[PDB]
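Take a look at the letters that make up each chain.
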Amino acid sequence: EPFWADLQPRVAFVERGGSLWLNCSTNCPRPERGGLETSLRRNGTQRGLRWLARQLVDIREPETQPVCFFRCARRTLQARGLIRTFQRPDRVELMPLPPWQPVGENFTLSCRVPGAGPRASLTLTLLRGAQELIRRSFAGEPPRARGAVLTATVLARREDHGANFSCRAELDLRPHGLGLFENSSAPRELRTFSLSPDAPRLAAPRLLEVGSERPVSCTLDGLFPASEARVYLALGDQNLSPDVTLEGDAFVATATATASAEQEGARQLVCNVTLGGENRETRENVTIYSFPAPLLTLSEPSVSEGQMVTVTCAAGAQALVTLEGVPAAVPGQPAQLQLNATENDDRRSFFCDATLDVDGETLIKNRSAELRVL
Ligand SMILES: *[C@@H]1O[C@H](CO)[C@@H](O[C@@H]2O[C@H](CO)[C@@H](O[C@@H]3O[C@H](CO)[C@@H](O)[C@H](O)[C@@H]3O)[C@H](O)[C@H]2NC(C)=O)[C@H](O)[C@H]1NC(C)=O
Ligand SMILES: *[C@@H]1O[C@H](CO)[C@@H](O[C@@H]2O[C@H](CO)[C@@H](O[C@@H]3O[C@H](CO)[C@@H](O)[C@H](O)[C@@H]3O)[C@H](O)[C@H]2NC(C)=O)[C@H](O)[C@H]1NC(C)=O
Ligand SMILES: *[C@@H]1O[C@H](CO)[C@@H](O[C@@H]2O[C@H](CO)[C@@H](O)[C@H](O)[C@H]2NC(C)=O)[C@H](O)[C@H]1NC(C)=O
Ligand SMILES: *[C@@H]1O[C@H](CO)[C@@H](O[C@@H]2O[C@H](CO)[C@@H](O)[C@H](O)[C@H]2NC(C)=O)[C@H](O)[C@H]1NC(C)=O
Ligand SMILES: *[C@@H]1O[C@H](CO)[C@@H](O[C@@H]2O[C@H](CO)[C@@H](O)[C@H](O)[C@H]2NC(C)=O)[C@H](O)[C@H]1NC(C)=O
Ligand SMILES: *[C@@H]1O[C@H](CO)[C@@H](O)[C@H](O)[C@H]1NC(C)=O
Ligand SMILES: *[C@@H]1O[C@H](CO)[C@@H](O)[C@H](O)[C@H]1NC(C)=O
Ligand SMILES: *[C@@H]1O[C@H](CO)[C@@H](O)[C@H](O)[C@H]1NC(C)=O
């Protein structure tokens, strides 16, 4: 039985910044020299015959090898040991995914667990809801190195809208006799959208008569989420309130649009829809007209018989006026038809036609009035 040196514990696993006791002993009856050699710290100490104890506090190093040495009978007697540290995955961070992610396009997922060690004992897993997307074990990494990073790129889908993404960090110390420490990051909700480059189809009449209700409709296709989409449809600068329903992935905006006049002779119909960070618009110009139908009025209601009269129309100097088939003569006016009253002319209808062209389209309206002859 020769002389020996013994320190306890031989190998010790202690949390980073923690503390532990080392008492180094020997069988030498009267050692001339003894002490503990390490790089870390001292808090308090307990010694005596054949053994000394040191309190190593605040351990900031991944791996250290404390050596306790003794001297008896002018010989060097030493003992070596091992102290390693770990760090819980207390801080786990997930990157701030884009506000709106296009459906059918890839996006990055990166879980970040800084400071956690040892790296080889870290198992990182990306989670969508309760489902595991990917599992990456870092086993085979240097024991000295800490921290872990897991990056994976997945495909944005339809269901991915309103779905939670997180990352689970597992530090497995179990084979070392300590245990398993796992902590999950903050779940992040994703919002996905798909907006077709196609322009919305707008159904509108070319001409709009004042005081008449002409229905208009603005629709599109392939919009998700459909309910999330906001739609504006109006007449010129005058706001409207379209009834909006949802047929499939398509929205249907339908309402009746009246005319005022107001202003002026022509305008545009504006329909635009903002979904997420993108928006589409279709503008169909529409000419607006007012039709002042000519008057059938007479110079005088009676006029017996034999006295001439002057008949007027007044389409408003726009349309070409024809009163009972006469191309008046002269234009820009309710131009006159001069007729001497006759008994045979009793109750004769005057046909007044007004031909007005707007935006290249011709419109006419007709009626008749009579005159009594005494
Ligand atoms: C989603 O992201 C992944 C990863 O960035 C990409 O998918 C990859 O797209 C490329 C382009 O077609 C391909 O990668 C490689 O293609 C060559 C042939 O050109 C082949 O020899 C390689 O083995 C590899 O497949 C491939 O389609 C695909 N690769 C994988 C592993 O998925 C792309 O950015 C996105 N995928 C889409 C949009 O489908
Ligand atoms: C996915 O994760 C998100 C958070 O990133 C979860 O949202 C959270 O849960 C619900 C919304 O579904 C909210 O519930 C709250 O309940 C309490 C008690 O009833 C009430 O006082 C609150 O006013 C609210 O209604 C909660 O606020 C919300 N948290 C945040 C920050 O928005 C979502 O639930 C997860 N998905 C699933 C399927 O669980
Ligand atoms: C470090 O080791 C020494 C080895 O001597 C321990 O001292 C012994 O303590 C036991 C207690 O069960 C006694 O029975 C022995 O008689 C002690 N040895 C001697 C030589 O007196 C010491 O206690 C250990 N340190 C700690 C903190 O336990
Ligand atoms: C390090 O020294 C501190 C004193 O600065 C020791 O603290 C004593 O013991 C416990 C543990 O912190 C405290 O609750 C007591 O109040 C402290 N005693 C006194 C008299 O102050 C501590 O034990 C030492 N060791 C470690 C590992 O911290
Ligand atoms: C949705 O419609 C509204 C109508 O009020 C648009 O508002 C104007 O649109 C023009 C052309 O896009 C802009 O130049 C003006 O600055 C807007 N002014 C106001 C007060 O909104 C709106 O722009 C349309 N949305 C999109 C994305 O075009
Ligand atoms: C889990 O990680 C979060 C990340 O911020 C941290 O705030 C929390 O203290 C951790 N919990 C435990 C028990 O480690
Ligand atoms: C509609 O009118 C606008 C002017 O307001 C004009 O720029 C545009 O070309 C017109 N549309 C067509 C198809 O001509
Ligand atoms: C006027 O005559 C045209 C052509 O005969 C006809 O289409 C139209 O209905 C008539 N107007 C009225 C109010 O009946």
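Structure determination for this PDB entry was carried out by X-ray crystallography, with a resolution of 3.700 Å recorded in the header.

A. Examining empty space enclosed by the protein more closely. Empty space within the largest cavity amounts to approximately 120 Å³. Along its surface, the largest cavity is lined by 15 residues, and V309, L339, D345, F350 and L371 are the ones closest to its centre. Elements with a contribution of two residues or more to the lining of the largest cavity: β31 (308-311) and β33 (337-340). Considering only residue class, the lining of the largest cavity consists of 9 nonpolar, 3 polar and 3 charged. Put simply, the second largest cavity is a space of about 70 Å³. For the second largest cavity, the full set of lining residues is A204, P205, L208, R214, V216, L235, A257, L269 and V286. In terms of residue class, the lining of the second largest cavity is built from 8 nonpolar, no polar and 1 charged.

B. Quick look at the sheet that holds strand β12 (residues 101-102). Strands sit in the order β12-β20-β24 across an open sheet of 3 strands; the sheet is mixed. Every other strand in the sheet has two partners, leaving β12 and β24 (223-224) as the edge strands with one partner each. The pairing of strand β20 (residues 192-195) with β24 spans 2 bridges and is classified as antiparallel. Bridging from a neighbouring strand, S194 pairs with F224 of β24.

C. Structural view of the domain arrangement of the protein. In terms of domain boundaries, the protein breaks down into domain 1 (1-88), domain 2 (89-197), domain 3 (198-290) and domain 4 (291-374). Between domain 1 and domain 2, the C-alpha centre-to-centre distance is 41 Å. Contact residues are listed per partner, giving 8 residues for domain 1 and 14 residues for domain 2. When domain 1 packs against domain 2, the two sides together hide about 1000 Å² of surface, and 60% of this comes from carbon and sulfur. Among the residues of domain 1 in contact with domain 2, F13, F86 and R88 are the three that bury the most area, contributing 52% of the side total. Where domain 1 meets domain 2, there are 0 salt bridges. The interface formed by domain 1 and domain 2 contains 3 residue pairs in polar contact. With 3 residues, the single largest contributor to the side of domain 1 that touches domain 2 is strand β10 (residues 82-86).

The rules we used
- Each chain carries its own residue count, running from 1 in the order of its written sequence; this scheme can depart from the entry numbering, and residues that have no coordinates do not appear.
- Chain labels run from A onward and ligand labels from 1 onward, assigned in the order the entries are written.
- Calculated side-chain values reflect all of the structure's heavy atoms, with hydrogen atoms and water omitted.
- Residues with missing side-chain atoms are left out of burial classes, side-chain pairs and their counts.
- Here a cavity is any set of points on a 1 Å grid over the protein atoms alone where a 1.4 Å probe fits but cannot get out, and a pocket is any open set with protein on both sides within 12 Å along at least 5 of 7 lines; a residue lines the site when it has an atom within 4 Å of a point.
- Grid points are joined across faces, edges and corners, and a volume is the space filled by probe spheres set on the points.
- Numbered from the N terminus, helices here are DSSP runs of H or I no shorter than four residues, and strands are runs of E no shorter than two.
- Note on residue categories: nonpolar means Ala, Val, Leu, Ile, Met, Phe, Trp, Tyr, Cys or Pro, charged means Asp, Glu, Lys or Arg, and polar means any other residue, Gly included.
- Pairing between two strands requires that DSSP report at least two bridges joining them.
- The source of the domain bounds is an automatic or database domain assignment.
- Contacts are assigned to residue pairs with any non-hydrogen atoms lying within 4.5 Å of each other.
- Note: buried area is the sum, over both parts, of the accessible area (probe 1.4 Å) each one loses when the two are combined.
- A side-chain nitrogen of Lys or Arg and a carboxyl oxygen of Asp or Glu constitute a salt bridge if their distance falls within 4 Å.
- Two N or O atoms count as a polar contact when they lie within 3.5 Å, although within protein this holds only if one can serve as hydrogen donor and the other as acceptor, and sequence-adjacent residues are included solely when both atoms are side-chain atoms.

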